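As stored in protein_15.txt (compact mmCIF, C-alpha atoms):
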```txt
# COMPACT_ATOMS: atom_id res chain seq x y z
CA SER D 12 38.71 -5.73 47.13
CA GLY D 13 40.00 -6.91 43.69
CA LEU D 14 36.51 -8.23 42.59
CA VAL D 15 34.70 -6.80 39.49
CA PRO D 16 31.79 -4.59 40.65
CA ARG D 17 28.48 -6.58 40.71
CA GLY D 18 25.82 -5.09 38.37
CA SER D 19 23.00 -3.55 40.47
CA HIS D 20 19.64 -5.48 40.75
CA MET D 21 20.70 -8.59 38.73
CA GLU D 22 20.10 -11.12 41.55
CA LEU D 23 16.88 -12.07 43.39
CA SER D 24 16.49 -13.50 46.89
CA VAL D 25 13.51 -15.94 47.21
CA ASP D 26 13.21 -16.85 50.93
CA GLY D 27 10.81 -19.32 52.63
CA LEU D 28 10.77 -22.01 49.93
CA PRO D 29 9.86 -25.55 51.11
CA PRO D 30 12.50 -27.14 53.37
CA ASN D 31 13.11 -30.32 51.26
CA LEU D 32 12.53 -28.74 47.76
CA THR D 33 15.27 -30.10 45.44
CA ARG D 34 17.43 -28.00 43.08
CA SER D 35 15.85 -29.80 40.06
CA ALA D 36 12.22 -29.20 41.34
CA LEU D 37 13.00 -25.47 42.00
CA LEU D 38 14.57 -24.99 38.50
CA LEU D 39 11.55 -26.79 36.87
CA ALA D 40 9.14 -24.34 38.73
CA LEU D 41 11.38 -21.28 37.88
CA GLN D 42 11.48 -22.18 34.08
CA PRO D 43 8.88 -19.40 33.17
CA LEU D 44 11.12 -16.67 34.73
CA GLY D 45 12.58 -16.91 31.21
CA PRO D 46 16.00 -17.48 29.60
CA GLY D 47 17.63 -14.58 31.57
CA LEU D 48 18.12 -16.94 34.62
CA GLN D 49 21.87 -17.86 34.67
CA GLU D 50 22.67 -19.45 38.12
CA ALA D 51 20.69 -20.61 41.19
CA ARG D 52 22.06 -21.23 44.73
CA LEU D 53 19.79 -23.00 47.23
CA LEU D 54 20.61 -22.71 51.00
CA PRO D 55 18.70 -23.34 54.26
CA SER D 56 16.68 -20.15 55.05
CA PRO D 57 17.96 -18.11 58.01
CA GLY D 58 15.66 -17.84 61.06
CA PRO D 59 13.46 -19.94 63.38
CA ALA D 60 11.15 -21.45 60.64
CA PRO D 61 12.20 -24.31 58.27
CA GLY D 62 12.84 -23.33 54.65
CA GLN D 63 15.32 -22.59 51.87
CA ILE D 64 16.39 -19.33 50.21
CA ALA D 65 17.29 -19.39 46.48
CA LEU D 66 19.75 -16.87 45.01
CA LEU D 67 18.73 -16.34 41.36
CA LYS D 68 21.30 -14.58 39.13
CA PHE D 69 20.13 -13.14 35.75
CA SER D 70 22.28 -12.14 32.69
CA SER D 71 20.69 -8.61 32.79
CA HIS D 72 18.83 -6.25 35.14
CA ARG D 73 15.96 -6.39 32.49
CA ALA D 74 15.69 -10.26 32.82
CA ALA D 75 15.89 -9.96 36.70
CA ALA D 76 13.20 -7.21 37.00
CA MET D 77 10.85 -9.12 34.63
CA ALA D 78 11.40 -12.23 36.83
CA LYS D 79 10.78 -10.30 40.07
CA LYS D 80 7.45 -8.82 38.78
CA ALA D 81 6.34 -12.26 37.46
CA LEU D 82 7.01 -14.02 40.85
CA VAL D 83 5.32 -11.21 42.91
CA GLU D 84 2.18 -11.15 40.65
CA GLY D 85 1.85 -14.97 40.73
CA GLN D 86 2.24 -14.90 44.58
CA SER D 87 -0.37 -12.14 45.18
CA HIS D 88 -3.06 -13.65 42.91
CA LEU D 89 -2.51 -17.27 41.95
CA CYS D 90 -1.58 -18.81 45.22
CA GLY D 91 -5.04 -19.70 46.55
CA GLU D 92 -5.06 -23.02 48.38
CA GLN D 93 -8.24 -24.21 46.50
CA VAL D 94 -6.95 -23.05 43.01
CA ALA D 95 -7.60 -26.07 40.67
CA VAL D 96 -6.21 -26.36 37.08
CA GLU D 97 -7.70 -28.93 34.65
CA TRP D 98 -8.37 -29.37 30.90
CA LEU D 99 -11.68 -27.70 29.96
CA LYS D 100 -14.04 -30.62 28.98
CA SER R 12 -24.26 -29.18 15.40
CA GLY R 13 -22.80 -26.97 12.61
CA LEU R 14 -19.78 -25.83 14.79
CA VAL R 15 -16.14 -26.57 13.74
CA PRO R 16 -14.73 -29.34 15.98
CA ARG R 17 -12.76 -27.85 18.96
CA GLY R 18 -9.08 -28.96 18.98
CA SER R 19 -8.50 -31.34 21.94
CA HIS R 20 -6.64 -29.98 25.07
CA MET R 21 -6.28 -26.33 23.86
CA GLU R 22 -8.21 -24.75 26.77
CA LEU R 23 -7.47 -24.73 30.53
CA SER R 24 -9.90 -24.36 33.43
CA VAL R 25 -8.40 -22.47 36.45
CA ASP R 26 -10.99 -22.65 39.27
CA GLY R 27 -10.89 -21.04 42.75
CA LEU R 28 -9.22 -17.74 41.80
CA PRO R 29 -9.88 -14.79 44.17
CA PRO R 30 -13.50 -13.57 44.12
CA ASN R 31 -12.77 -9.89 43.21
CA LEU R 32 -9.66 -10.52 40.97
CA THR R 33 -10.02 -8.26 37.89
CA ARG R 34 -9.52 -9.37 34.25
CA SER R 35 -6.48 -7.02 33.97
CA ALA R 36 -4.87 -8.37 37.25
CA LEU R 37 -5.43 -12.02 36.08
CA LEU R 38 -3.91 -11.34 32.60
CA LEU R 39 -0.89 -9.54 34.24
CA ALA R 40 -0.29 -12.67 36.49
CA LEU R 41 -0.84 -15.10 33.51
CA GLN R 42 1.73 -13.20 31.26
CA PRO R 43 4.49 -15.91 31.80
CA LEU R 44 2.17 -18.67 30.44
CA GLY R 45 3.69 -17.32 27.21
CA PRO R 46 2.46 -15.92 23.87
CA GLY R 47 0.27 -19.03 23.16
CA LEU R 48 -2.56 -17.55 25.38
CA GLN R 49 -5.25 -16.24 22.95
CA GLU R 50 -8.48 -15.56 25.00
CA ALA R 51 -9.49 -15.52 28.70
CA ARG R 52 -13.05 -15.72 30.12
CA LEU R 53 -13.53 -14.98 33.83
CA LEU R 54 -16.78 -16.19 35.55
CA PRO R 55 -17.91 -16.70 39.18
CA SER R 56 -16.73 -20.20 40.28
CA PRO R 57 -19.49 -22.79 40.68
CA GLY R 58 -20.10 -24.16 44.20
CA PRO R 59 -20.53 -23.05 47.84
CA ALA R 60 -17.16 -21.14 48.18
CA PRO R 61 -16.51 -17.64 46.69
CA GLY R 62 -14.20 -17.52 43.66
CA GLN R 63 -13.79 -17.17 39.90
CA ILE R 64 -12.94 -19.71 37.19
CA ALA R 65 -10.85 -18.53 34.18
CA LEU R 66 -11.16 -20.24 30.79
CA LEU R 67 -7.77 -19.88 29.06
CA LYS R 68 -7.70 -20.64 25.31
CA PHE R 69 -4.28 -21.24 23.62
CA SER R 70 -3.41 -21.11 19.85
CA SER R 71 -1.98 -24.70 20.10
CA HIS R 72 -2.13 -27.81 22.30
CA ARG R 73 1.72 -27.30 22.73
CA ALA R 74 1.20 -23.73 24.18
CA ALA R 75 -1.70 -25.05 26.42
CA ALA R 76 0.24 -28.08 27.81
CA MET R 77 3.33 -25.90 28.52
CA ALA R 78 0.99 -23.45 30.37
CA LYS R 79 -0.70 -26.25 32.35
CA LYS R 80 2.67 -27.72 33.53
CA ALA R 81 3.98 -24.20 34.44
CA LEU R 82 0.86 -23.36 36.58
CA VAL R 83 0.85 -26.80 38.35
CA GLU R 84 4.63 -26.63 39.17
CA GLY R 85 4.34 -23.04 40.49
CA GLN R 86 1.30 -24.10 42.63
CA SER R 87 2.97 -27.21 44.16
CA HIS R 88 6.26 -25.49 45.07
CA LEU R 89 6.15 -21.70 45.04
CA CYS R 90 2.97 -21.01 46.87
CA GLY R 91 4.25 -20.93 50.46
CA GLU R 92 2.54 -18.25 52.53
CA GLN R 93 5.93 -16.99 53.96
CA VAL R 94 7.71 -17.00 50.50
CA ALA R 95 9.48 -13.56 50.30
CA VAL R 96 11.09 -12.14 47.09
CA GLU R 97 13.55 -9.20 47.32
CA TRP R 98 16.67 -7.84 45.54
CA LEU R 99 19.81 -9.58 46.88
CA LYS R 100 21.77 -6.81 48.76
```

Translate this file's structure into C-alpha cells.
Amino acid sequence: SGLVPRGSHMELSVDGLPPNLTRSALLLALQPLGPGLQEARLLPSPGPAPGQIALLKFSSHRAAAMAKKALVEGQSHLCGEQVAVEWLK
Amino acid sequence: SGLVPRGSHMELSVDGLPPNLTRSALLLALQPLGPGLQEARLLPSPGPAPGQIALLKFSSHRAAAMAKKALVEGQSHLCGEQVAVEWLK
C-alpha cells in the first residue's frame, strides 16, 4: 500500500537467541556472515520460552543466502557443548 | 632438529567435534573462517568421550586470530539448542 516491493529472500529470521544477548554481542558474533549484512533488529522471541529473534537484512539475496547456509552449517556441526578451541602448542 | 621454526599462533586446535563428522562437512562449516585457512587435519579426539579434533593451519597469525575469535564468539552466543533460522516472511 504505497511501499516499494521488498526483494524476495533478503532478510533472515534467527529465533531462540539468548534472552539477555546485547545488540553489540550479537553483531560481534554475526561478523563472519560477511559485509552483505545491512541492518539487524533484535526483539523478544514470541512464545512460552525466553529468547530473542534477530531480523537480519542483507544488501542482496546472494549475501542473505550465503549467510543462511553459513549459520545452518555452523549450527548442525559446530555446536557441540564440549567443543574446545585453543592455540595448537 | 633441522625443521624450519613454526610461526607462533598460526594453528588452531578444535577438540570435541562430532565423532563421524566428515572432512568435507567440517570444511563446509569452517568456510566463514575466511581465506586464511590453508590445511585441516581431522583425528579422533583424545580422552574417554567420542569426538574428533581438527588442526587448522592459517597462512598468517592475523588470519588464525580472526578465526579463533569468530569460532569462540559463535560458540558462546549462537549455539542455543532451540536457535531457528528461516527466511523472514

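Distance annotation: of R:70, R:93, R:19, R:35, the residue with the minimal separation from chain D is R:93; atom set is all atoms listed in the file.
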
- Task: Pick out the residues sitting within 12 Å of residue 42 in chain D, and hand them over as a ChimeraX atom specification; count only C-alpha atoms, and ignore anything fewer than 4 positions along from it in its own chain.
- Result: /D:35-38,46-49,51,67,78,81-82 /R:43-45,77-78,80-82,84-85

- Task: Using only C-alpha atoms, determine which residues of chain R fall within 10 Å of chain D; present them as a PyMOL selection string.
- Result: chain R and resi 19-29+32+36-37+39-45+60+62-68+75-100

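When CA of residue 69 in chain D is paired with CA of residue 73 in chain R, their separation reads 26.6 Å.
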
- Kindly give the distance, in Å, that separates CA of residue 12 in chain R and CA of residue 53 in chain R, rounded to a single decimal.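 Pair CA of residue 12 in chain R / CA of residue 53 in chain R returns 25.6 Å.
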
Six-sided padding of 4 Å per side, axis-aligned box over range 28-42 of chain D, centre and edges in Å, one decimal, as JSON:
```
{"center_x": 13.3, "center_y": -25.8, "center_z": 43.7, "size_x": 16.3, "size_y": 17.0, "size_z": 27.3}
```

- Task: Report the distance between CA of residue 55 in chain D and CA of residue 30 in chain D in Å, rounded to one decimal place.
- Result: 7.3 Å

- Query: Counting only C-alpha atoms, which of R:33, R:13, R:18, R:71 gets nearest to residue 54 in chain R?
  - Reply: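 That would be R:33, the residue with the smallest distance to residue 54 in chain R.
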